[PDB]
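For reference, the structure is listed below as structure tokens.
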Amino acid sequence: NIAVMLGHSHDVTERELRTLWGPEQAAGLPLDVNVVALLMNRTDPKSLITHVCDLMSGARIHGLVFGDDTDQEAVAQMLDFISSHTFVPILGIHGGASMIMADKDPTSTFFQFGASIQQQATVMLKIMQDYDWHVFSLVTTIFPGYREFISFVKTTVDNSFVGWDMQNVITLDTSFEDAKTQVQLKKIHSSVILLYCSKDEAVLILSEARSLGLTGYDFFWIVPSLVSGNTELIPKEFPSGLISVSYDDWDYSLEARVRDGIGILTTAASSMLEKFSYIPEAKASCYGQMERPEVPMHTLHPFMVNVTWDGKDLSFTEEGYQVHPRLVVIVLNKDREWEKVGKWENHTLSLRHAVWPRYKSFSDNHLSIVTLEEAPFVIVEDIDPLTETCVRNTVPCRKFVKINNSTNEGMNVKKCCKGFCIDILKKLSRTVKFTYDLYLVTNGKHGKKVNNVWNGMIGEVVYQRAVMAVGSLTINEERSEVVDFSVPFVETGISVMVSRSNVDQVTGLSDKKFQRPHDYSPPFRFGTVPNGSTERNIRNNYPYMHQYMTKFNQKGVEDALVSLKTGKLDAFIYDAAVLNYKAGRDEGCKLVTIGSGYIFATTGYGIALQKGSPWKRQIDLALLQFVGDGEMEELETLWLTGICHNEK
Amino acid sequence: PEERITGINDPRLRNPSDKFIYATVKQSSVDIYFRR
């Protein structure tokens, strides 16, 4: 049984090698079956009818897995008709028997495994929302399926809560010479354009549209299949960078498609024998028909719809829809070819490009801001699997995924990131209209002049890797010279904090217990974490107590607070702002700070910039303006405001 | 001796706490404003 017809119009990789194994494999469904094959040539209705009828003389309980190579549309329909008035289930594989036809007669049995237009639209909406573009137009032309295309697009848009902006629906159908086309082309002003036409119609529309200027450096066209052919036969007037989706042929070879078809037929036969214990034949006659009415004996219709193979499942449904098609997304190459980015395998796209390459259309403020999390200034939060997004206001800063062992070379995984500086950055973006490429830096810490090389933040600023490095930077003499800093916006300094919860007297470093590293009696503390402002300032100003407490630095700040609570020494020379926030927002406000914020040197914080960057004056203007308009007070009252600040 | 929160924006109430936890009851007619 089961016969396969071919003939190698282009791919002559066949002969008897194609008729190899098949149902034997490891399948436990043996019976009087074979793997009979046949070769042919270019198809004409008389020749095709005669050949299939002749094969019906022996294919008594068999089927056909025919495939073609041309682009004649009627081939699928003729196959459907033959399947209808012969009762022999068949499938389609390549080219001609690959474009899915809309409706089939119920008294028919064949299922080509292409992909529905609605599936294409769903995948396209998924990729568009993944890049967060939302606003788009729907220019099209008159062609069959355009109406259902439009209606399905609208209904899918409306039935979700992500908020697509629907506008500029254009359905020009009056040739391409009158003023209606001109005004319709002029009216659209968005950056995302979705087209739907038929081959030469699309190329003519694009040739008209390029003369208007909608084909600049910030526009997209996501044409659905249509102008894709079956090769790299793109028209010469197709400029570049055309986003498209199509059926896969490079990750799926015909040598495996035939195997899958054979397995599906065998599994269906096994299911029929397990449910009916007998499979009849229909080898009466091809010609001389209209001699018998319907006979529902062993129809394959209920025996295929939920059939898997070797674990892999590709069960169909109703029409030729295979539920799980292997759609692939491609882009136009610079050398007029098709790329391969992402593959629709699961409901997730699994794309390859983190950002868009900005393809040259025909033959500017987005920058890379670099910062890391620290203090109540930048806060790291994990992404939310439920209703996948970064909550409501957190921005997607993409950390360099860190691992252990030799596999530490991770990718750039997304994260939800906020803090006390992200709001300032976003309001500056509002007033300046500059985008971002924020990503976490993991190479060190804030940075210091160690071995004449800066690691983390400022190092990028001195190594052409971060034009801006906003965050929790501290203004210093050596850092400002090498990194273009800004006017301070908050007051910061050095403060001494004591856990004396178990009057200020001496405030500062003018005492016999702090200035003198020796004498006194009890073991005191000068805990200062490395790579920071406190240690550098201490060693620059008074390099005497640092040597006494060189082997006393805590690992971080949480363990520092733990050691402060766990009484071994009650002293910490830290930042005035961080210590004040911690004391204000402490558990019961137990530990306190010596003095009324007598900072050793109130230098404050600064905003990083590149050397000679063209934005410093505007940055200062915006900073002073926002200092004027009583809003950073609101920011401080929202984030750094304590609970015991008013309490005495 | 009574220091109950005066207004939702009270820093004791606005900032998260652990003594008593706010109750919305069935998550309806209030959850809409809370998500708002």
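Chains: A, B, ... in order of the structure tokens. Residues: from 1 per chain. Ligands: from 1, in order shown.
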
Checklist line | Interface, chain B side, toward chain A (12 Å; only C-alpha atoms) as a VMD selection string | finding: chain B and resid 9 to 19 35 to 36

Go ahead and dump the residues you just picked, N, CA, C and O atoms, as a PDB file, in the first residue's frame.
ATOM      1  N   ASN B   9      -1.822  57.970  53.223  1.00  0.00           N
ATOM      2  CA  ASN B   9      -0.450  58.408  52.970  1.00  0.00           C
ATOM      3  C   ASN B   9       0.391  58.496  54.233  1.00  0.00           C
ATOM      4  O   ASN B   9       1.521  58.996  54.146  1.00  0.00           O
ATOM      5  N   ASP B  10      -0.120  58.047  55.374  1.00  0.00           N
ATOM      6  CA  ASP B  10       0.666  58.050  56.599  1.00  0.00           C
ATOM      7  C   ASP B  10       1.907  57.185  56.412  1.00  0.00           C
ATOM      8  O   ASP B  10       1.792  56.036  55.962  1.00  0.00           O
ATOM      9  N   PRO B  11       3.100  57.690  56.740  1.00  0.00           N
ATOM     10  CA  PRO B  11       4.323  56.920  56.456  1.00  0.00           C
ATOM     11  C   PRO B  11       4.356  55.560  57.126  1.00  0.00           C
ATOM     12  O   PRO B  11       4.921  54.617  56.559  1.00  0.00           O
ATOM     13  N   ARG B  12       3.770  55.426  58.318  1.00  0.00           N
ATOM     14  CA  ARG B  12       3.658  54.109  58.934  1.00  0.00           C
ATOM     15  C   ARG B  12       2.794  53.183  58.088  1.00  0.00           C
ATOM     16  O   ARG B  12       3.112  51.999  57.925  1.00  0.00           O
ATOM     17  N   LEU B  13       1.699  53.707  57.539  1.00  0.00           N
ATOM     18  CA  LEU B  13       0.809  52.918  56.697  1.00  0.00           C
ATOM     19  C   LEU B  13       1.264  52.884  55.244  1.00  0.00           C
ATOM     20  O   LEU B  13       1.194  51.831  54.602  1.00  0.00           O
ATOM     21  N   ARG B  14       1.725  54.018  54.709  1.00  0.00           N
ATOM     22  CA  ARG B  14       2.157  54.060  53.314  1.00  0.00           C
ATOM     23  C   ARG B  14       3.343  53.133  53.081  1.00  0.00           C
ATOM     24  O   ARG B  14       3.341  52.325  52.144  1.00  0.00           O
ATOM     25  N   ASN B  15       4.365  53.232  53.924  1.00  0.00           N
ATOM     26  CA  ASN B  15       5.463  52.283  53.857  1.00  0.00           C
ATOM     27  C   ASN B  15       5.004  50.931  54.402  1.00  0.00           C
ATOM     28  O   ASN B  15       4.176  50.880  55.316  1.00  0.00           O
ATOM     29  N   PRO B  16       5.511  49.826  53.857  1.00  0.00           N
ATOM     30  CA  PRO B  16       5.072  48.508  54.328  1.00  0.00           C
ATOM     31  C   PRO B  16       5.447  48.276  55.785  1.00  0.00           C
ATOM     32  O   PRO B  16       6.465  48.766  56.277  1.00  0.00           O
ATOM     33  N   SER B  17       4.602  47.514  56.476  1.00  0.00           N
ATOM     34  CA  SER B  17       4.806  47.195  57.883  1.00  0.00           C
ATOM     35  C   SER B  17       4.545  45.704  58.076  1.00  0.00           C
ATOM     36  O   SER B  17       4.265  44.973  57.121  1.00  0.00           O
ATOM     37  N   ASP B  18       4.640  45.248  59.327  1.00  0.00           N
ATOM     38  CA  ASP B  18       4.432  43.841  59.638  1.00  0.00           C
ATOM     39  C   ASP B  18       3.609  43.600  60.897  1.00  0.00           C
ATOM     40  O   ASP B  18       3.428  42.438  61.274  1.00  0.00           O
ATOM     41  N   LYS B  19       3.107  44.644  61.557  1.00  0.00           N
ATOM     42  CA  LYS B  19       2.286  44.443  62.748  1.00  0.00           C
ATOM     43  C   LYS B  19       0.888  43.972  62.369  1.00  0.00           C
ATOM     44  O   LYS B  19       0.463  42.874  62.746  1.00  0.00           O
ATOM     45  N   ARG B  35      -5.416  48.663  41.766  1.00  0.00           N
ATOM     46  CA  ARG B  35      -4.706  48.505  40.500  1.00  0.00           C
ATOM     47  C   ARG B  35      -4.666  49.808  39.714  1.00  0.00           C
ATOM     48  O   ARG B  35      -3.767  50.001  38.888  1.00  0.00           O
ATOM     49  N   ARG B  36      -5.632  50.702  39.943  1.00  0.00           N
ATOM     50  CA  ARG B  36      -5.631  51.981  39.240  1.00  0.00           C
ATOM     51  C   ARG B  36      -4.407  52.814  39.601  1.00  0.00           C
ATOM     52  O   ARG B  36      -3.787  53.429  38.725  1.00  0.00           O
TER      53      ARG B  36
END

Note to self: For a test of reading the model, state the distance in Å between CA of residue 441 in chain A and CA of residue 373 in chain A, rounded to one decimal.
What the structure shows: 9.0 Å

Item checked: Spatial neighbours of range 558-563 of chain A, max dist 12 Å, only C-alpha atoms, sep filter under 2 positions, as a ChimeraX atom specification -> /A:374-375,497-499,525-529,552-556,565-574,579,582-583,586-587,590-592

Go ahead and save the picked residues with N, CA and C atoms, as a CSV table (one decimal), in the first residue's frame.
chain,number,residue,atom,x,y,z
A,374,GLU,N,22.6,49.8,43.6
A,374,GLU,CA,23.2,50.1,44.9
A,374,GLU,C,22.3,51.0,45.7
A,375,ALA,N,22.2,50.8,47.0
A,375,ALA,CA,21.5,51.7,47.9
A,375,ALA,C,20.0,51.9,47.5
A,497,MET,N,28.1,56.6,62.3
A,497,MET,CA,26.9,56.0,62.8
A,497,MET,C,27.3,55.0,63.9
A,498,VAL,N,26.5,55.0,65.0
A,498,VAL,CA,26.8,54.1,66.1
A,498,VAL,C,25.5,53.4,66.5
A,499,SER,N,25.6,52.1,66.8
A,499,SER,CA,24.4,51.3,67.3
A,499,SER,C,24.4,51.5,68.8
A,525,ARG,N,35.8,50.9,65.8
A,525,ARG,CA,35.7,50.5,64.5
A,525,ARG,C,35.9,51.7,63.5
A,526,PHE,N,36.4,51.4,62.3
A,526,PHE,CA,36.5,52.3,61.2
A,526,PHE,C,36.1,51.6,59.9
A,527,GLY,N,35.1,50.8,60.0
A,527,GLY,CA,34.6,50.0,58.9
A,527,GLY,C,34.3,50.8,57.6
A,528,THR,N,35.1,50.7,56.6
A,528,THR,CA,34.9,51.3,55.3
A,528,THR,C,35.1,50.3,54.2
A,529,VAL,N,34.1,50.0,53.4
A,529,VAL,CA,34.2,49.0,52.4
A,529,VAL,C,35.1,49.6,51.3
A,552,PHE,N,39.6,45.6,58.6
A,552,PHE,CA,38.3,45.7,59.3
A,552,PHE,C,37.1,45.9,58.4
A,553,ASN,N,37.3,46.1,57.1
A,553,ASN,CA,36.3,46.4,56.2
A,553,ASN,C,35.3,45.2,56.1
A,554,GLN,N,34.0,45.5,56.2
A,554,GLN,CA,32.9,44.5,56.0
A,554,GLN,C,32.8,44.2,54.6
A,555,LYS,N,32.1,43.0,54.4
A,555,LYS,CA,31.9,42.5,53.0
A,555,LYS,C,31.0,43.5,52.2
A,556,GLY,N,29.8,43.8,52.7
A,556,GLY,CA,28.9,44.7,52.1
A,556,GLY,C,28.3,45.7,53.1
A,565,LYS,N,24.8,45.6,64.5
A,565,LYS,CA,23.8,45.2,65.5
A,565,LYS,C,24.4,44.1,66.4
A,566,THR,N,25.1,43.1,65.8
A,566,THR,CA,25.8,42.1,66.6
A,566,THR,C,27.0,42.7,67.3
A,567,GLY,N,26.9,43.2,68.5
A,567,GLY,CA,27.9,44.0,69.2
A,567,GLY,C,29.3,43.4,69.2
A,568,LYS,N,30.2,43.9,68.4
A,568,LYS,CA,31.6,43.7,68.5
A,568,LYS,C,32.3,45.0,68.4
A,569,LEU,N,31.7,46.0,67.7
A,569,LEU,CA,32.2,47.4,67.6
A,569,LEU,C,31.1,48.2,67.0
A,570,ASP,N,30.8,49.3,67.6
A,570,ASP,CA,29.7,50.2,67.2
A,570,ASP,C,30.2,51.5,66.6
A,571,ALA,N,30.6,51.4,65.3
A,571,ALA,CA,31.1,52.5,64.5
A,571,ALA,C,31.1,52.3,63.0
A,572,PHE,N,30.6,53.2,62.2
A,572,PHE,CA,30.7,53.1,60.8
A,572,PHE,C,30.8,54.5,60.2
A,573,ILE,N,31.9,54.7,59.4
A,573,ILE,CA,32.1,56.0,58.7
A,573,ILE,C,31.6,55.8,57.3
A,574,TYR,N,30.3,56.2,57.1
A,574,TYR,CA,29.7,55.9,55.8
A,574,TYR,C,29.2,57.2,55.2
A,579,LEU,N,23.4,56.7,55.3
A,579,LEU,CA,23.2,56.5,56.8
A,579,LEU,C,21.9,57.2,57.3
A,582,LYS,N,19.0,55.1,56.2
A,582,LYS,CA,18.9,53.8,57.0
A,582,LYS,C,18.4,54.1,58.4
A,583,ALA,N,18.9,55.2,59.1
A,583,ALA,CA,18.4,55.6,60.4
A,583,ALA,C,17.0,56.0,60.4
A,586,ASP,N,14.8,52.6,59.8
A,586,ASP,CA,15.3,51.4,60.5
A,586,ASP,C,14.2,50.8,61.3
A,587,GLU,N,14.4,49.5,61.7
A,587,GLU,CA,13.4,48.7,62.4
A,587,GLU,C,13.4,49.3,63.8
A,590,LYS,N,16.6,52.2,66.0
A,590,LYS,CA,17.4,52.0,67.2
A,590,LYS,C,18.8,52.6,67.0
A,591,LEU,N,19.6,52.1,66.1
A,591,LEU,CA,20.9,52.7,65.8
A,591,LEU,C,20.8,54.1,65.3
A,592,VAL,N,21.7,55.0,65.6
A,592,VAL,CA,21.6,56.4,65.3
A,592,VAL,C,23.0,56.9,64.7

Margin query: Please list as a PyMOL selection string every residue within 12 Å of residue 478 in chain A, counting only C-alpha atoms and excluding residues in the same chain fewer than 5 positions away.
Written below: chain A and resi 447-449+452+454+458+483-485+533+536-537+540

Note to self: One decimal, in Å: what's the spacing between CA of residue 523 in chain A and CA of residue 500 in chain A?
What the structure shows: 15.3 Å

Note to self: Neighbouring residues of range 22-25 of chain A were defined as those with any atom within 12 Å, considering only C-alpha atoms; residues of the same chain fewer than 5 positions away were excluded. Please report them as an MDAnalysis selection string.
What the structure shows: chainID A and resid 1:4 17 30:37 255:270 309:310

Next item on the list: Find the residues near range 70-76 of chain A: any atom within 8 Å, counting only C-alpha atoms, skip ones fewer than 4 places away on the same chain, and give them as a list in words.
Entry: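 Answer for this query is residues 80, 95, 96, 97, 98, 99, 100 and 101 of chain A.
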
Write a file of the just-selected residues containing N, CA, C and O atoms, as a PDB file, in the first residue's frame.
ATOM      1  N   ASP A  80      -7.617  18.231  -4.374  1.00  0.00           N
ATOM      2  CA  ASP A  80      -8.788  18.166  -3.508  1.00  0.00           C
ATOM      3  C   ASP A  80      -9.940  17.460  -4.200  1.00  0.00           C
ATOM      4  O   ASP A  80     -10.641  16.648  -3.589  1.00  0.00           O
ATOM      5  N   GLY A  95       5.779  23.163  -2.443  1.00  0.00           N
ATOM      6  CA  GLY A  95       5.400  24.078  -3.502  1.00  0.00           C
ATOM      7  C   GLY A  95       3.919  24.142  -3.816  1.00  0.00           C
ATOM      8  O   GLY A  95       3.131  24.679  -3.032  1.00  0.00           O
ATOM      9  N   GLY A  96       3.541  23.597  -4.976  1.00  0.00           N
ATOM     10  CA  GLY A  96       2.170  23.734  -5.446  1.00  0.00           C
ATOM     11  C   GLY A  96       1.152  23.198  -4.463  1.00  0.00           C
ATOM     12  O   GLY A  96       0.140  23.844  -4.185  1.00  0.00           O
ATOM     13  N   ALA A  97       1.402  22.013  -3.919  1.00  0.00           N
ATOM     14  CA  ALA A  97       0.540  21.484  -2.866  1.00  0.00           C
ATOM     15  C   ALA A  97       1.020  21.933  -1.490  1.00  0.00           C
ATOM     16  O   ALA A  97       1.190  21.137  -0.569  1.00  0.00           O
ATOM     17  N   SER A  98       1.240  23.240  -1.351  1.00  0.00           N
ATOM     18  CA  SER A  98       1.669  23.825  -0.090  1.00  0.00           C
ATOM     19  C   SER A  98       0.938  25.106   0.279  1.00  0.00           C
ATOM     20  O   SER A  98       0.928  25.461   1.464  1.00  0.00           O
ATOM     21  N   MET A  99       0.339  25.811  -0.677  1.00  0.00           N
ATOM     22  CA  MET A  99      -0.492  26.966  -0.361  1.00  0.00           C
ATOM     23  C   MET A  99      -1.868  26.478   0.070  1.00  0.00           C
ATOM     24  O   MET A  99      -2.577  25.830  -0.706  1.00  0.00           O
ATOM     25  N   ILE A 100      -2.240  26.785   1.311  1.00  0.00           N
ATOM     26  CA  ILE A 100      -3.472  26.260   1.881  1.00  0.00           C
ATOM     27  C   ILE A 100      -4.667  26.963   1.254  1.00  0.00           C
ATOM     28  O   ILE A 100      -4.705  28.197   1.161  1.00  0.00           O
ATOM     29  N   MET A 101      -5.645  26.179   0.811  1.00  0.00           N
ATOM     30  CA  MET A 101      -6.883  26.730   0.282  1.00  0.00           C
ATOM     31  C   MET A 101      -7.909  26.858   1.401  1.00  0.00           C
ATOM     32  O   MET A 101      -7.909  26.087   2.363  1.00  0.00           O
TER      33      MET A 101
END

Next item on the list: Using DSSP on the backbone, list every residue of chain B that comes out as helix (DSSP H, G or I), and give them as a PyMOL selection string.
Entry: chain B and resi 11-14+31-35

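Taking CA of residue 418 in chain A and CA of residue 457 in chain A as endpoints, the distance between them is 17.4 Å.
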
Checklist line | Selection: 7 Å around residue 415 in chain A, only C-alpha atoms, excl. self and same-chain fewer than 2 positions, as a list in words | finding: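 Near neighbours after the sequence-gap exclusion: residues 381, 382, 383, 396, 397, 398, 399, 413 and 417 of chain A.
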